[PDB]
Amino acid sequence: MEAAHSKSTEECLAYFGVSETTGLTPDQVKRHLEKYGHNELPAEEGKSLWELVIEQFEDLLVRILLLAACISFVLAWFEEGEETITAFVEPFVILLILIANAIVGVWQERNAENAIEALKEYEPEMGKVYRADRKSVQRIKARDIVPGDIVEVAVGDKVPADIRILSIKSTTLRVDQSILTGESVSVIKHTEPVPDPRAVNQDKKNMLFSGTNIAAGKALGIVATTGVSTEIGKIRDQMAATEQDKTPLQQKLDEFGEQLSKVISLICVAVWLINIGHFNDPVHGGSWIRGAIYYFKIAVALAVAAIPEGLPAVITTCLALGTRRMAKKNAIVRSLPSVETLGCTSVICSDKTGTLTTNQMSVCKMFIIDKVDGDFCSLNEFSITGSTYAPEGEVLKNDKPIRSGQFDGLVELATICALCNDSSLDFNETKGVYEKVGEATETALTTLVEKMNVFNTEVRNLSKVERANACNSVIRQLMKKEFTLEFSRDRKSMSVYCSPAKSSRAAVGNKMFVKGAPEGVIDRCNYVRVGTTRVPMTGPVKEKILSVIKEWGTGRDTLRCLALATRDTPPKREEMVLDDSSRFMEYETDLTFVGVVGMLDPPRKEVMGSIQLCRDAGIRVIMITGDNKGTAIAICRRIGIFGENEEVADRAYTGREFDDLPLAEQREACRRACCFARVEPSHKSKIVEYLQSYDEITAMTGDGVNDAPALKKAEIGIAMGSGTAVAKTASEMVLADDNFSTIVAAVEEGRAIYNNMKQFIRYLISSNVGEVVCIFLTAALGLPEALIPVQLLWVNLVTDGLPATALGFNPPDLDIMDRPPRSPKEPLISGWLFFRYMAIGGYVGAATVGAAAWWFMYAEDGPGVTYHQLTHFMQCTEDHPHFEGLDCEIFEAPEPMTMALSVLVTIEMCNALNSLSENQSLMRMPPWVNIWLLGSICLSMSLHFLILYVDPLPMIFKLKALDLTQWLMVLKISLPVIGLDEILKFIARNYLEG
Ligand SMILES: C/C=C(/C)C(=O)O[C@H]1C(C)=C2[C@H]([C@@H]1OC(=O)CCCCCCC)[C@@](C)(OC(C)=O)C[C@H](OC(=O)CCC)[C@@]1(O)[C@H]2OC(=O)[C@@]1(C)O
Ligand code: NA
């Protein structure tokens, strides 16, 4: 299981000690199969519904909630009185809620899918090998392939493993390594070894990656590595090894629950200490046996009171809606909880070409040599119009149109652009648009020749589906394409060997047309063509050439330049090994510079603006390209990552420079850096790591399995709509339009969603605070139960839910993008706000209790002991004479309850309004600022007037309320809250922190 790409063919055959013509012997197979194991990625482990549900009941609360769902049940039986056949509702409801929860988490999860599973889609079921127990190729199962045996792949096949190529049978071999990088452009493979043992896959020309597809040809190879040890296997490992933290909100709730618990227990502790007098004053009797059940049915109350039962639903329905929302804006957010984190993204690393630019090339300038005489040198710049690959456009000199043909240098420049190009143009009808075909930069070059027919061929008479490849075809018919030497990142260029067609252009017979990066070719040039003639390349002419090269690429034009040359006296055909991409740069020498061309990959409109929004938003933006550092920087300025006259030395690094740094300075570079030039393998991931050490919520883009490990690591991995499937599944969000702007657009929606989300949370949590107080007092004052869990529930699930989810639609602040990203470690409720709900809660806690204790004391329906003795209501049936003289069951009356509850409701529809803004007054932030909020409050109210007047329902708790005096009471009890808040809100002035 090697690094075969650097070893020779005999060396790999040697290593495994196998025969290219025989293959592994069954012994070797078992031996290998044992040592190396099977050729597959570890199985997927998805817990069962049992394992699910269990987890669904691991949340401290859901547990505490369930423990109480029992006590209620245990208490609901030991009732002993038949006239209580509704004692099972309380327990039944709880379990339903609990259940309903698990019902979701189990369905929700089961539908989501990991990327480590998507990877097993690239694993072909079958493979073709050659083993010693037969002469013809045996077609076995990938699973059983082994490191060392001889394999054969061909045109249609999915490469089953990391294979070193032994020999290519077909005249050529092409592979679609797109599932790795995303680009579908097939690549040519060879046999000769690659020296560098630390080489990037991109430069492993003699290797076949498990997962990729044979584009063209047929070849035979020896399996270097299998299973997890394969390029894709490694990635699976990384992605498995990566742990993704919990959304800060889930972090915050998990905390809330932890504490919510500690308090609850403490309350009990205190409650017990409040009634510790039942040790010194109580005597032996049968009365206390009925006091236990009290301390128990008071706990289950204490629970539903504490926990914000409805919250989970409100949230998930909010995020749900925001999702669908963002979707309309092209942001496909997979995984709801991310809508939160998305909103706090500190830094955004975006690939350039796909998203920041349009990836739509077009040549804007060209320049041939005009004259070289002495030290005097003169070029011949031009300008080409037309952004679309459309053949529609004009060449100009100093803005004045020109006939390309009137220049020699140009006709060659054109032929090269036409012959040394593997791309083409096509005109579809489905949308009458001129579409690219091959490589984006070449399909441009072709377009360039259509725009400058060096031969003036008549075309205006041709149809568009012909105007496509006209001027191009003519040049193709003036030279024969013997063959072409492909691009290789070492010599960074390419060429095509050609011969003329008959004696029509037998001028000098065989020619070699080469295109590539300027630096490279220009050195391999010993001559420069001054239009139809040649002169010894010299110092000046060179400086001049390069100078314009820097202006065009570093200047505001920010163009990519391709030097163009031709080898006039190419080596003889037979003297060239056309299958050892090493002697290519060699074959491409003693060249004659004919001209350079410049093209542009136009930034996107919204981009310039989006980049600005981020500045306002305090969100850092980092560009990641393939451009040479020089143009990388230029492009950053052009869009605003940098300022035209800003220093950058320490803010832009090239893939290599970054490596040349020590782990330390490597970390610094990241907090400051805003541009990464020619980034290699790891980098994206390594970069996300550092950004996180500085505790920054970071966004990352990418689209090939090559980027999956980074997309998974980043807080918000961003995949392209046009991206691969593995990328997408590895990401949190997917830009349906690959637009960088769609990213920002989202980050904004995120900040808006959370702000509202943030409030409707405090709203409900604050109520739960008061609810608990009411339950405490009720207990500390011995007073009869002012509120029942069943009621409490309904309140928290419906009467409080509706307005809460309405609050979700609170209008958005106008400076959401003018404030720095929010801090993950920011508490939802603290300091003065803690104090407010501390009070508001206390308010309702008293308010409610008293309204029940009012219907008892000082009321005109059921007058109880106004001397306050009502407190000992437990003592009544037996203690009938001792200070009673009346019916013993008024305490069990319903209206005193419907009171405490009606005040609750109203106070809640009130508090729900004190929520439209954290520190603004309602006279500044009127309640109608959210029509929904109001509309819902109404709906909640009519529902309340439904658990009273309907029939079955009223029995399930309470009775009714006297239109006035009783309802009027409710009002002179609740309404005051608004003032209490407004007053405390007003404290936003007696301290300026509005
Ligand atoms: C739900 C009801 C209650 C009564 C509760 O115990 O909530 C506490 C609690 C656990 C927190 C507190 C509650 O503290 C109290 O209300 C004081 C105790 C009085 C009761 C004693 C009766 C004799 C929150 C509710 O309220 C106020 C206003 O004081 C605010 C906040 O919660 C949030 O930001 C919500 C998190 C989503 C948390 O301080 C939180 O602790 C944390 O870690 C946070 C950051 O979570
Ligand atoms: Na992620």
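Residues numbered from 1 in each chain as written, not as in the entry; some residues may be left out. Chains lettered and ligands numbered in written order. Heavy atoms only, no water.

For this deposited structure, the header cites X-ray crystallography as the method used and 3.10 Å as the resolution.

Bringing the pattern of salt bridges into the picture now. Under the defined criterion, the tally for this structure stands at 48 salt bridges. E152 is paired through a salt bridge with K218; the nearest N and O atoms lie 4.0 Å apart. Of the two residues, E152 is situated in strand 3 (residues 150–154) and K218 in strand 9 (residues 218–225); the sequence distance between them amounts to 66 residues. A residue is classified by how much of its surface remains accessible, and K218, at 36% relative accessible area, is partly exposed. A salt bridge links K246 to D254, with the nearest nitrogen and oxygen atoms 2.6 Å apart. According to the relative accessible area criterion, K246 is partly exposed, its value standing at 46%. Three or more residues are tied together by salt bridges with common partners; here these are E412, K511, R529, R534 and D568. (Salt bridge = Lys/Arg side-chain N within 4 Å of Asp/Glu carboxyl O. Helix = DSSP H or I, 4+ residues; strand = E, 2+ residues; numbered from the N terminus. Buried < 20%, exposed > 50% of the residue type's maximum accessible area, 1.4 Å probe, protein only.)

The antiparallel open sheet is built from three strands, whose spatial order is 6-5-8. Looking at strand neighbours, the two that pair on one side only are strand 6 (187–188) and strand 8 (213–216), the edges of this open sheet. (Pairing = 2+ DSSP bridges.)

What follows is about the coordination of the sodium ion (ligand 2). Ligation of the sodium ion (ligand 2) by protein atoms is provided by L711 (O), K712 (O), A714 (O), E732 (OE) and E732 (OE), these donors lying 2.5 to 2.9 Å from the ion. Summarised as a motif, the one-chain spacing of the donors to the sodium ion (ligand 2) is L-K-x1-A-x17-E. With relative accessibility at 4%, the residue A714 sits in the buried group. (Donors = N, O, S within 2.8 Å, 3.2 Å for Na, K, Ca; no water.)

This part is about the UniProt feature "binding site: Ca(2+) 2" in the protein chain. The positions UniProt marks with the feature "binding site: Ca(2+) 2" are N768, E771, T799, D800 and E908. These annotated residues cover 141 residues of sequence, but their C-alpha atoms sit close together, with the largest distance between any two at 13.7 Å. Inspection of the secondary structure assignment puts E771 in helix 29 (residues 740–780). Since its relative accessible area comes to 1%, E771 is described here as buried. Ignoring anything within four residues of it in the chain, the contact list for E771 reads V304, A305, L792, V795, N796, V844 and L904. Among the secondary structure elements, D800 is positioned in the loop between helix 30 (789–799) and helix 31 (801–807). Relative accessible area serves as the criterion here: at 1%, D800 is assigned to the buried category. (UniProt positions renumbered as here; feature names shortened; annotations may be inferred. Contact = heavy atoms within 4.5 Å.)

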